[PDB]
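Trainee: To start, I am sharing the structure in question, which I have written as structure tokens.
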Number of protein chains: 2
Amino acid sequence: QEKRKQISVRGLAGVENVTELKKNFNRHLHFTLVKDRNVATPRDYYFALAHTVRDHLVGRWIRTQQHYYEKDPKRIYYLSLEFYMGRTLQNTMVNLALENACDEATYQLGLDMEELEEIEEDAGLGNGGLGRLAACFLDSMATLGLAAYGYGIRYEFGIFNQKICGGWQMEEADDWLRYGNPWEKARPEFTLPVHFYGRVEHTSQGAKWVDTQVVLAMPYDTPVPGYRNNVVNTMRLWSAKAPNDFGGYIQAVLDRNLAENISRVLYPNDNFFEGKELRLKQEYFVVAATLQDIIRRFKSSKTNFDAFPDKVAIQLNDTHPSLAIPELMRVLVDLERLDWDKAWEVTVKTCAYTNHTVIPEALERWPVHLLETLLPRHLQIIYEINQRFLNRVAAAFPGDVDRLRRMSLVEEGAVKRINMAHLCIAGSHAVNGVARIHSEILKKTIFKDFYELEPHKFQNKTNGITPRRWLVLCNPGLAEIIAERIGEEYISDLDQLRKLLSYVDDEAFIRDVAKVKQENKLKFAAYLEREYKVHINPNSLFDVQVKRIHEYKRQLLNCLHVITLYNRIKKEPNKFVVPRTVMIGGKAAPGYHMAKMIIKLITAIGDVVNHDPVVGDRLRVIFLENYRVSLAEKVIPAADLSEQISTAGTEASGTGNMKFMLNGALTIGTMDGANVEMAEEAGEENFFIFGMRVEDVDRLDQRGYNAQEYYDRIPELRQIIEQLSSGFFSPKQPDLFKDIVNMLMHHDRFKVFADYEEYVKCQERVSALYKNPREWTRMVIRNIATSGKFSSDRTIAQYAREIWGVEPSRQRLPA
Amino acid sequence: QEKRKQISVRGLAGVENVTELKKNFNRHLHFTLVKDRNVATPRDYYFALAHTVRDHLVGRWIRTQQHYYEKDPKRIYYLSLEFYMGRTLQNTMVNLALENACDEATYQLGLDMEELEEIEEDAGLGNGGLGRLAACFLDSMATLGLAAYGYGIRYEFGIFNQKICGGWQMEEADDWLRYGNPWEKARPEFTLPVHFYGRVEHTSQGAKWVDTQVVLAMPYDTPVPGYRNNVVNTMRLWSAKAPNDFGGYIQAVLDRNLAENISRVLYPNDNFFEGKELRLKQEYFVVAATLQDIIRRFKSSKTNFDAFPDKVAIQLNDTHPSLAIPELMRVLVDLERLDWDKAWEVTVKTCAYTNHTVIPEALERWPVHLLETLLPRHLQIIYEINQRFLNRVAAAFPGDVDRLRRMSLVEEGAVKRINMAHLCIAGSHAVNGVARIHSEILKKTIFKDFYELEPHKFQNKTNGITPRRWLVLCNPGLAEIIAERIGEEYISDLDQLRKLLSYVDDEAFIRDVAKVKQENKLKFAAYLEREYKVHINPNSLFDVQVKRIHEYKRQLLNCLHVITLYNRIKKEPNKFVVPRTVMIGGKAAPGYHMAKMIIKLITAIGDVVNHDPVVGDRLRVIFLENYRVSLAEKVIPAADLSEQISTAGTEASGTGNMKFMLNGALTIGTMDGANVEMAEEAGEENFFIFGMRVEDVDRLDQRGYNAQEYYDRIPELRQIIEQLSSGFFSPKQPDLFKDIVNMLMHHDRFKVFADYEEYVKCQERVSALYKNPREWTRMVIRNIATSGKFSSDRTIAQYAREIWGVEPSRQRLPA
Ligand SMILES: O=C(O[C@@H]1Cc2c(O)cc(O)cc2O[C@@H]1c1cc(O)c(O)c(O)c1)c1cc(O)c(O)c(O)c1
Ligand SMILES: O=C(O[C@@H]1Cc2c(O)cc(O)cc2O[C@@H]1c1cc(O)c(O)c(O)c1)c1cc(O)c(O)c(O)c1
Ligand SMILES: Cn1c(=O)c2c(ncn2C)n(C)c1=O
Ligand SMILES: Cn1c(=O)c2c(ncn2C)n(C)c1=O
């Protein structure tokens with residue numbers, strides 16, 4: 001398409017730039033891929049272009065890191081077990097102003113760059129929100145000119161590739177490195193030792209960790225480009241490698257796999273803790289290798305570690321890298337020979353912890369036996385930390401033994417465990433939630449005792465998304481029509497979107513806003529046909545719930561509504577209803593049974609709804625296979641209605657909600673997480689807010705949630721439960737959904753029936769406004785225009801000023 | 001050193017060529033390695049140069065393979081489980097005439113290219129002779145313009161890196177790909193399925209192999225340059241990969257390792273069969289993937305497979321890829337649907353087998369149960385092959401049931417097994433030994449019954465070595481002085497070395513020949529000091545035995561001589577003897593106990609000899625650690641005396657013997673293998689030939705080898721055995737060498753004591769001639785000058801005309 005090359009926000013196709021791009025495209029095709037045009041596949045062409053484009057990163061990559069050496073600013077180390085990065089090619093081109101040039105260059109070579117882009121595998125090294133937040137954060141940190149380093153693990157296999165088979169999820173390994181990763185640079189020369197198991201000997205000069213098994217940590221460095229500032233930061237991902245030295249010789253060589261299994265696969269759990277030793281090993285591996293790099297870089301700068309927190313910030317993405325606190329102490333005390341108290345002064349000032357959930361099954365609580373075996377010296381240090389910390393509690397609250405037991409890092413029981421959130425709080429100067437309501441809920445509940453001891457520690461940092469990936473990349477049509485009115489500065493100053501409120505009554509913007517949405521919808525519809533032979537009605541309302549499958553996110557509530565629409569159609573076939581394509585998508589953790597049942601229910605509903613000739617194209621329900629960052633970039637720009645329907649108090653923030661707001665969808669949701677702040681930014685009048693508020697959930701809990709009451713009082717709801725029990729959605733297996741029915745009736749922690757009625761009526765209001773295109777689009781304008789707060793640039797600037805103590809900059813580097 | 005850049009056989013340093021080399025060196029340093037000069041290590045500089053040099057291969061690589069597509073010549077597939085390739089960088093530069101240019105280019109950048117070369121890891125994907133023959137063969141095949149493809153396995157770990165610790169061998173994994181391989185091109189797009197286990201169902205149209213576990217075979221292609229002919233052939237090495245589809249999900253991902261273990265490590269056995277299922281899997285993996293490529297290329301050329309043997313030659317390097325015979329039949333019968341007899345016509349005409357040993361512990365005899373489980377359809381086919389083959393025996397020799405049982409592919413016993421040599425003979429049109437004596441010994445003994453049935457099958461192909469690696473690369477000084485007299489054509493026409501017999505009385509050549517040897521010796525001496533802090537006397541005779549540690553190669557015989565020299569010195573301290581550095585080197589297979597004892601004995605002798613102040617620098621015995629192709633290239637040019645002392649009839653050919661002859665060493669050896677032909681080429685008067693001849697070994701076997709006789713009749717020998725028994729060479733452990741003593745006295749298959757006396761006296765003749773420099777050097781000239789026959793170019797030309805049916809060419813391709 002030539003129209004796309006006329007998108008100004010995609011930059012200049014300079015005649016010489018084009019000429020050079022083609023020359024280097026053809027150079028990589030010959031020397032790097034060893035192909036000629038006669039045997040070259042699209043995949044080769046994608047790689048030629050990827051190599052060509054990565055070459056443009058290299059100069060800035062070297063100069064940026066030298067700049068940091070020269071200026072010696074405080075360094076931000078963002079430790080996370082996940083980096084949900086997605087694809088890199090388009091992102092590279094946008095941040096380097098090369099998109100239109102590459103598009104013209106490939107066009108002259110007879111190629112469609114859009115097709116080439118689709119050959120790239122996602123770097124799916126995350127589960128969901130926490131992982132994708134880390135990716136967004138790296139991008140914003142680069143755009144804000146921070147000396148910032150992402151540190152994590154190079155999983156051989158990312159989040160599993162989901163296939164739906166028989167209506168059921170099947171998992172297949174995500175072999176994302178099969179054809180190579182052209183972005184990363186392997187750094188074997190900078191390999192570091194990590195120790196495991198062993199024993200502690202307390203000798204003359206103190207403790208010594210000995211008799212340890214070594215696993216080498218090999219770093220791969222990936223470039224992280226800011227938005228047109230000539231800044232390229234580094235994401236460093238550690239890969240596990242058997243040590244150089246040592247059933248026989250053959251077996252010994254084979255057994256090198258055991259150690260190398262630590263970096264093999266992402267644990268595919270979203271918001272759920274599994275106490276597997278391999279997972280614990282992964283956490284120590286990232287923390288140990290990462291902290292050796294930080295100490296070395298600290299020493300090779302302009303030992304006295306009193307200035308370590310002036311030059312080092314370690315940000316903990318959840319408790320997953322929590323061992324960085326005992327590990328930093330270990331290095332400082334056992335190897336650098338610092339007194340414990342100075343070491344602890346340094347540690348607390350250097351470390352800060354970000355919490356992502358109040359849900360108990362997600363919080364890390366490691367058995368002491370496991371910590372004792374695998375990391376004996378760390379357990380010792382944790383116990384010491386706990387004694388001095390509880391001593392402070394005692395002195396602050398004399399005689400409150402109850403607070404002592406509650407605040408202990410050590411949790412008593414049949415199995416003694418270490419509470420890793422407690423360790424983080426004790427060992428960090430800053431603790432933040434990711435949305436106002438969540439940060440409030442932490443100081444009033446889960447962490448209230450810690451808030452009372454150290455109020456000053458507790459902060460809020462409302463999550464954000466990068467408007468590069470999540471607008472310019474994914475929705476170029478919308479970015480353009482915005483740029484035509486207000487220019488391009490908003491791309492790294494998203495609060496400038498408020499200027500668009502001046503256009504609520506401009507007929508061309510109203511027309512253009514709707515036209516872009518139509519275009520995104522036609523393109524997504526076409527996508528399902530070619531890739532999955534699925535027919536969807538492009539003049540239907542696109543109702544999308546995409547996110548990991550969960551009880552607390554209430555995909556089930558969405559199911560109940562969908563079946564309601566179906567049954568209402570059957571009772572009154574002749575009555576007009578706004579046509580709808582209900583799209584639900586997301587992965588279930590492989591061991592989460594309810595989530596796999598929920599996926600099966602969505603498809604089972606589809607099997608009835610989509611083949612009923614009375615319904616026809618009035619209602620269609622499809623399960624979007626293999627939801628991942630690449631598919632988010634397709635389906636979200638195409639969405640009319642954003643489903644954000646978690647039980648009030650359960651979704652700490654959400655980030656999918658913000659992506660939908662940024663891309664021209666209206667939101668139907670509870671007052672939970674950032675939904676609260678999104679409605680405050682836009683006005684509640686521009687959101688479909690429904691359901692119980694947190695305080696209402698509490699009152700139910702106070703008197704007990706009896707699901708039976710709602711079933712006995714709501715005829716439409718009872719009908720649906722009867723259809724599920726008796727086997728209307730599973731004729732060949734009538735009892736198939738009994739577990740779903742049983743949880744809803746007797747063990748529903750998330751109170752789906754209690755929001756059922758308000759939800760259904762709120763959906764009626766949605767349909768009503770959809771019948772009025774002009775006013776739909778006008779309310780959409782009011783949303784897009786107030787979405788600026790939810791830029792990750794704002795989030796990061798806040799981290800920088802309020803926790804890290806660094807001042808962000810958007811000034812370009814010379815290049 | 002500037003002198004080396006004045007070596008004409010290293011080509012022109014063209015001013016523009018130099019300029020471009022530096023530009024691309026600096027380009028790879030920046031864009032490929034992402035370094036600058038301030039942080040660049042030697043290793044980076046080596047990689048920049050490797051990348052730069054590999055770029056010069058690419059154009060010829062593509063054009064050569066297109067040339068083969070266009071002309072459609074018969075294709076040679078050299079199947080081997082080993083490719084002992086060594087380093088590639090210097091070899092690339094010599095075959096492309098880039099050596100002096102790169103040397104000047106790196107010099108102007110302030111770099112020593114010789115230092116850079118030493119950072120390259122060997123591709124040590126072989127054990128010894130059979131492996132290095134395959135490497136030599138690929139090089140000659142390229143130089144002779146044959147459409148030839150090396151096919152094997154990309155082992156993750158090659159032959160183990162040997163460390164001597166306490167006088168003992170220790171094995172460490174050969175992590176040859178730790179910092180990457182810049183020569184190979186990964187080809188994931190050409191991945192192929194290989195099947196294992198399963199069952200056979202005989203249906204309508206015939207048999208079907210079903211219920212199989214799949215292992216993907218991923219090819220990596222390495223360039224193979226001929227000598228200045230613009231030809232670049234391909235070595236394709238298969239790497240094992242878990243299939244795309246499927247204790248839980250985590251465990252399933254981890255368990256992908258099991259399948260990927262097939263390409264993990266070379267079995268480090270030299271001339272020894274180990275019936276491990278993993279080894280069998282390796283053999284099938286290479287044969288199955290390789291034959292799918294051959295069939296596909298056959299079909300994509302200008303199905304009737306009557307012309308398959310006109311377009312395809314499969315050469316089997318030992319019985320290791322023997323399954324190619326049942327596998328080709330399987331494809332032809334079960335998938336292409338050809339009648340068995342036409343399929344068998346095709347198979348025999350396509351396959352040929354090369355035998356490398358007459359020793360029984362080396363020959364492959366696989367248990368039928370193992371073949372039945374792992375490859376059920378192959379076993380079926382083997383049985384059928386055996387029936388029709390034995391039917392031919394029966395018809396040729398009616399009533400000889402004894403011949404039937406002896407010639408059977410099936411060997412009866414407690415465990416029934418398949419004899420893989422027998423399968424090869426039955427399924428191949430050509431069977432060759434690798435030296436005249438060995439090829440004769442096969443038709444008179446091991447394979448006499450097969451020779452009687454099919455005389456026409458049995459050939460000789462005396463082994464060879466490439467004069468590129470083994471003269472021009474490793475000994476540039478010698479190549480030059482040769483080139484000054486006769487020019488450069490000899491480098492690919494080695495028989496031209498006979499012209500050097502005209503110089504036996506030329507004083508400058510005599511001077512120059514000796515001067516080069518002195519230079520190689522001083523350089524090797526310096527090597528031991530820097531890398532191992534070992535002092536050797538450069539005015540001593542360099543007595544070198546390098547090769548895998550073996551009973552049959554008789555390193556022990558060398559030990560006996562060394563101790564004799566030591567004891568003779570002690571009895572008569574004042575008596576002059578020619579100073580000697582005895583150098584023994586080689587790896588023992590990890591499970592071969594005697595070989596590990598032999599290594600310990602060599603070092604133990606050193607511990608006495610090298611610290612006796614009466615001996616001083618008159619005698620020194622050192623064990624050369626980690627003998628591999630790179631070290632062969634150093635030590636052999638430095639050698640005065642080549643130890644080739646296998647028991648007559650045991651070493652099929654040898655190739656180390658030819659490397660020493662080519663590089664200016666005189667040979668002390670038995671009449672075994674190619675030693676017989678080397679002495680015929682030079683004249684026995686120019687070789688130190690000693691010991692029993694094969695017929696003498698036979699007579700001993702006829703009456704029984706009683707070691708006691710030699711001990712009771714030879715005082716000097718009895719003394720040494722007493723020193724070994726009583727613990728003179730092991731004071732802290734007197735009984736340490738009892739196993740050696742016991743084998744020599746009672747279970748010596750290789751009759752060391754029977755050649756002891758003739759060996760010792762032959763060594764006296766060696767020392768005597770060494771006292772006369774002029775006549776030493778003159779005899780060396782007579783050796784170098786007659787070494788031409790032992791070029792692998794001659795060997796390969798013979799394979800091509802006498803087995804493959806293709807005419808070699810040394811004409812350059814346009815480029
Ligand atoms: O199905 C079409 O695209 C798919 C859907 C889609 C989207 O919704 C948003 C987005 O950011 C990208 C995107 O890439 C999809 C796509 C998939 C392919 O396999 C492919 O080859 C391609 O060019 C693209 C399509 C159809 C069209 O008819 C068309 O003209 C076009 O440009 C594209
Ligand atoms: O020890 C020296 O080389 C080593 C021995 C050696 C050899 O015997 C033959 C050969 O083909 C190459 C060869 O490379 C060796 C070597 C090892 C190194 O670690 C190294 O840095 C190097 O430049 C080289 C040496 C000493 C010298 O004094 C010298 O001038 C020199 O050029 C080289
Ligand atoms: C019970 N359960 C699981 O068993 C689970 C999970 N996420 C992953 N798994 C395995 N969640 C959220 C959960 O509630
Ligand atoms: C007995 N034996 C072994 O046990 C052996 C070997 N090569 C390897 N091994 C393990 N050889 C040659 C051998 O004779």
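Just so we're on the same page: first chain in the structure tokens is A, next is B, and so on; residues restart at 1 for each chain, and ligands are numbered from 1 in the order they show up.
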What residues in chain A lie within 9 Å of chain B, counting only C-alpha atoms, written as a ChimeraX atom specification?
Mentor: /A:30-36,54-55,58-59,61-62,157,171-175,178-179,185-189,244-246,248-250,252-254,257-258,261,264-268,590-591
Trainee: Let's have the selection written as a CSV table (one decimal), in the first residue's frame, with C-alpha atoms.
Mentor:
```
chain,number,residue,atom,x,y,z
A,30,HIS,CA,24.6,-12.2,0.1
A,31,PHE,CA,27.2,-12.1,2.9
A,32,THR,CA,25.1,-12.7,6.0
A,33,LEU,CA,22.4,-15.2,4.8
A,34,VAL,CA,24.4,-16.6,1.9
A,35,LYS,CA,21.4,-16.5,-0.4
A,36,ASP,CA,20.6,-15.1,-3.9
A,54,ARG,CA,20.0,-3.4,13.5
A,55,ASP,CA,23.2,-1.9,11.8
A,58,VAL,CA,25.2,0.1,16.6
A,59,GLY,CA,26.8,3.5,16.5
A,61,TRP,CA,24.6,1.9,21.1
A,62,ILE,CA,28.4,2.3,21.6
A,157,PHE,CA,11.5,-21.0,25.6
A,171,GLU,CA,0.7,-26.0,25.0
A,172,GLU,CA,3.6,-26.2,22.6
A,173,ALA,CA,7.1,-24.9,23.3
A,174,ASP,CA,7.8,-21.3,22.1
A,175,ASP,CA,11.0,-22.0,20.1
A,178,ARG,CA,14.9,-21.5,16.1
A,179,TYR,CA,15.9,-19.1,13.1
A,185,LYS,CA,24.7,-9.6,20.9
A,186,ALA,CA,26.2,-12.6,22.7
A,187,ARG,CA,28.9,-11.6,25.2
A,188,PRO,CA,30.6,-14.9,26.2
A,189,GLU,CA,33.7,-12.9,27.2
A,244,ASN,CA,34.3,-25.5,32.1
A,245,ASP,CA,35.4,-28.3,34.4
A,246,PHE,CA,34.0,-31.4,36.1
A,248,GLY,CA,31.1,-42.1,32.8
A,249,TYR,CA,32.5,-39.3,30.5
A,250,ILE,CA,29.6,-39.4,28.1
A,252,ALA,CA,29.0,-36.2,32.5
A,253,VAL,CA,28.9,-34.3,29.2
A,254,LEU,CA,25.2,-35.0,28.9
A,257,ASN,CA,22.1,-30.0,30.6
A,258,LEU,CA,21.0,-30.0,34.3
A,261,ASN,CA,18.1,-26.1,32.4
A,264,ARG,CA,15.4,-23.1,29.5
A,265,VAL,CA,11.9,-22.0,30.1
A,266,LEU,CA,9.7,-19.3,31.6
A,267,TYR,CA,7.4,-20.5,34.4
A,268,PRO,CA,4.1,-19.8,32.7
A,590,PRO,CA,-0.9,-25.1,32.2
A,591,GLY,CA,-1.8,-26.3,35.8
```
Trainee: With the cut-off set at 7 Å and counting only C-alpha atoms and all ligand atoms, tabulate each residue of chain B with an atom at most that distance from an atom of ligand 2, showing the nearest atom pair and its distance in Å to one decimal, ordered by chain and increasing number, as JSON lines.
Mentor:
```
{"residue": "B:1", "atom": "CA", "partner": "ligand 2", "partner_atom_place_in_ligand_line": "32 (O)", "distance": 6.8}
{"residue": "B:114", "atom": "CA", "partner": "ligand 2", "partner_atom_place_in_ligand_line": "23 (O)", "distance": 4.8}
{"residue": "B:115", "atom": "CA", "partner": "ligand 2", "partner_atom_place_in_ligand_line": "23 (O)", "distance": 3.7}
{"residue": "B:118", "atom": "CA", "partner": "ligand 2", "partner_atom_place_in_ligand_line": "18 (C)", "distance": 5.7}
{"residue": "B:474", "atom": "CA", "partner": "ligand 2", "partner_atom_place_in_ligand_line": "11 (O)", "distance": 5.0}
{"residue": "B:475", "atom": "CA", "partner": "ligand 2", "partner_atom_place_in_ligand_line": "11 (O)", "distance": 6.7}
{"residue": "B:520", "atom": "CA", "partner": "ligand 2", "partner_atom_place_in_ligand_line": "8 (O)", "distance": 5.8}
{"residue": "B:521", "atom": "CA", "partner": "ligand 2", "partner_atom_place_in_ligand_line": "8 (O)", "distance": 7.0}
{"residue": "B:523", "atom": "CA", "partner": "ligand 2", "partner_atom_place_in_ligand_line": "8 (O)", "distance": 4.4}
{"residue": "B:524", "atom": "CA", "partner": "ligand 2", "partner_atom_place_in_ligand_line": "8 (O)", "distance": 3.6}
{"residue": "B:526", "atom": "CA", "partner": "ligand 2", "partner_atom_place_in_ligand_line": "1 (O)", "distance": 4.3}
{"residue": "B:527", "atom": "CA", "partner": "ligand 2", "partner_atom_place_in_ligand_line": "1 (O)", "distance": 3.4}
{"residue": "B:530", "atom": "CA", "partner": "ligand 2", "partner_atom_place_in_ligand_line": "1 (O)", "distance": 6.8}
{"residue": "B:531", "atom": "CA", "partner": "ligand 2", "partner_atom_place_in_ligand_line": "19 (O)", "distance": 6.8}
{"residue": "B:633", "atom": "CA", "partner": "ligand 2", "partner_atom_place_in_ligand_line": "11 (O)", "distance": 5.9}
{"residue": "B:634", "atom": "CA", "partner": "ligand 2", "partner_atom_place_in_ligand_line": "9 (C)", "distance": 3.9}
{"residue": "B:635", "atom": "CA", "partner": "ligand 2", "partner_atom_place_in_ligand_line": "8 (O)", "distance": 6.2}
{"residue": "B:638", "atom": "CA", "partner": "ligand 2", "partner_atom_place_in_ligand_line": "8 (O)", "distance": 6.9}
```
Trainee: Need to verify the contact set: residue 447 in chain A, 12 Å, only C-alpha atoms, exclusion of same-chain residues closer than 2 positions in sequence. Can you return it as a PyMOL selection string?
Mentor: chain A and resi 355+357-358+403+406-408+421-422+424-426+431-433+438-445+449-455+457-458
Trainee: Could you check the closest approach to ligand 4 for each of B:579, B:470, B:303, B:275 and tell me which residue wins, using only C-alpha atoms and all ligand atoms?
Mentor: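 Using only C-alpha atoms and all ligand atoms, the shortest distance to ligand 4 belongs to B:275.
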Trainee: Pick from B:713, B:659, B:593, B:749: nearest to ligand 4, with only C-alpha atoms and all ligand atoms counted?
Mentor: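 Result for the nearest residue to ligand 4: B:593.
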Trainee: Quick check, in Å to one decimal: how far apart do CA of residue 123 in chain A and CA of residue 182 in chain A lie?
Mentor: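 Pair CA of residue 123 in chain A / CA of residue 182 in chain A returns 11.6 Å.
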Trainee: To test your reading of the structure, identify every residue in range 109-165 of chain A that backbone DSSP assigns to alpha helix (DSSP H), and report it as a ChimeraX atom specification.
Mentor: /A:113-117,129-143
Trainee: Got time to write the residues from that selection, N, CA, C and O atoms, as a JSON list (two decimals), in the first residue's frame?
Mentor:
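Saved as result.json:
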```json
[["chain", "number", "residue", "atom", "x", "y", "z"],
["A", 113, "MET", "N", 6.97, -4.80, 3.20],
["A", 113, "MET", "CA", 7.63, -4.80, 4.50],
["A", 113, "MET", "C", 6.68, -5.29, 5.59],
["A", 113, "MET", "O", 7.11, -5.88, 6.59],
["A", 114, "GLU", "N", 5.39, -5.04, 5.40],
["A", 114, "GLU", "CA", 4.38, -5.50, 6.33],
["A", 114, "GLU", "C", 4.35, -7.02, 6.40],
["A", 114, "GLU", "O", 4.19, -7.58, 7.48],
["A", 115, "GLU", "N", 4.53, -7.70, 5.25],
["A", 115, "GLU", "CA", 4.61, -9.15, 5.24],
["A", 115, "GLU", "C", 5.87, -9.64, 5.94],
["A", 115, "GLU", "O", 5.83, -10.64, 6.64],
["A", 116, "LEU", "N", 6.99, -8.93, 5.71],
["A", 116, "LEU", "CA", 8.25, -9.30, 6.32],
["A", 116, "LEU", "C", 8.12, -9.21, 7.83],
["A", 116, "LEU", "O", 8.57, -10.11, 8.53],
["A", 117, "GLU", "N", 7.47, -8.15, 8.33],
["A", 117, "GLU", "CA", 7.31, -7.94, 9.76],
["A", 117, "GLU", "C", 6.65, -9.13, 10.46],
["A", 117, "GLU", "O", 6.98, -9.44, 11.60],
["A", 129, "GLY", "N", 1.06, -8.75, 32.39],
["A", 129, "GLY", "CA", 1.18, -7.33, 32.69],
["A", 129, "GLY", "C", 2.53, -6.91, 33.26],
["A", 129, "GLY", "O", 3.14, -5.94, 32.81],
["A", 130, "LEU", "N", 2.99, -7.68, 34.25],
["A", 130, "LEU", "CA", 4.23, -7.41, 34.94],
["A", 130, "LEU", "C", 5.39, -7.50, 33.96],
["A", 130, "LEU", "O", 6.31, -6.69, 34.01],
["A", 131, "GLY", "N", 5.32, -8.47, 33.04],
["A", 131, "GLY", "CA", 6.34, -8.64, 32.02],
["A", 131, "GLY", "C", 6.34, -7.52, 30.99],
["A", 131, "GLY", "O", 7.40, -7.05, 30.58],
["A", 132, "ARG", "N", 5.14, -7.11, 30.56],
["A", 132, "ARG", "CA", 5.02, -6.10, 29.52],
["A", 132, "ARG", "C", 5.27, -4.70, 30.07],
["A", 132, "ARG", "O", 5.75, -3.82, 29.35],
["A", 133, "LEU", "N", 4.97, -4.50, 31.36],
["A", 133, "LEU", "CA", 5.37, -3.29, 32.05],
["A", 133, "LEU", "C", 6.89, -3.08, 32.02],
["A", 133, "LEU", "O", 7.38, -1.97, 31.79],
["A", 134, "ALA", "N", 7.63, -4.16, 32.24],
["A", 134, "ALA", "CA", 9.08, -4.12, 32.18],
["A", 134, "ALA", "C", 9.56, -3.71, 30.78],
["A", 134, "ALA", "O", 10.45, -2.88, 30.67],
["A", 135, "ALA", "N", 8.96, -4.27, 29.73],
["A", 135, "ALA", "CA", 9.29, -3.86, 28.37],
["A", 135, "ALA", "C", 8.99, -2.38, 28.10],
["A", 135, "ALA", "O", 9.86, -1.65, 27.63],
["A", 136, "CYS", "N", 7.76, -1.94, 28.42],
["A", 136, "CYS", "CA", 7.37, -0.54, 28.35],
["A", 136, "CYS", "C", 8.34, 0.35, 29.12],
["A", 136, "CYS", "O", 8.72, 1.42, 28.65],
["A", 137, "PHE", "N", 8.74, -0.09, 30.31],
["A", 137, "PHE", "CA", 9.63, 0.69, 31.14],
["A", 137, "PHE", "C", 11.02, 0.89, 30.52],
["A", 137, "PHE", "O", 11.58, 1.97, 30.63],
["A", 138, "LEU", "N", 11.55, -0.16, 29.87],
["A", 138, "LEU", "CA", 12.84, -0.05, 29.22],
["A", 138, "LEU", "C", 12.78, 1.01, 28.12],
["A", 138, "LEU", "O", 13.68, 1.82, 27.98],
["A", 139, "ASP", "N", 11.69, 0.98, 27.34],
["A", 139, "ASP", "CA", 11.49, 1.92, 26.25],
["A", 139, "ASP", "C", 11.37, 3.36, 26.76],
["A", 139, "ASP", "O", 12.00, 4.25, 26.19],
["A", 140, "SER", "N", 10.56, 3.58, 27.81],
["A", 140, "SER", "CA", 10.41, 4.91, 28.38],
["A", 140, "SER", "C", 11.71, 5.42, 29.00],
["A", 140, "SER", "O", 12.07, 6.59, 28.83],
["A", 141, "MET", "N", 12.41, 4.53, 29.71],
["A", 141, "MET", "CA", 13.68, 4.87, 30.34],
["A", 141, "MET", "C", 14.70, 5.34, 29.31],
["A", 141, "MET", "O", 15.47, 6.26, 29.57],
["A", 142, "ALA", "N", 14.67, 4.73, 28.12],
["A", 142, "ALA", "CA", 15.54, 5.13, 27.04],
["A", 142, "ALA", "C", 15.13, 6.48, 26.47],
["A", 142, "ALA", "O", 15.98, 7.33, 26.22],
["A", 143, "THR", "N", 13.83, 6.66, 26.26],
["A", 143, "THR", "CA", 13.29, 7.91, 25.75],
["A", 143, "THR", "C", 13.49, 9.10, 26.70],
["A", 143, "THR", "O", 13.62, 10.23, 26.25]]
```
Trainee: As a quick test: using only C-alpha atoms and all ligand atoms, which residues lie no more than 10 Å away from ligand 4? Give them as a ChimeraX atom specification.
Mentor: /B:267-274,359-362,548-552,588-595
Trainee: What's around range 758-762 of chain B at 7 Å? Count only C-alpha atoms, leave out sequence neighbours fewer than 4 positions away in its own chain, and write the answer as number ranges by chain.
Mentor: B: 561, 688, 690-691, 766
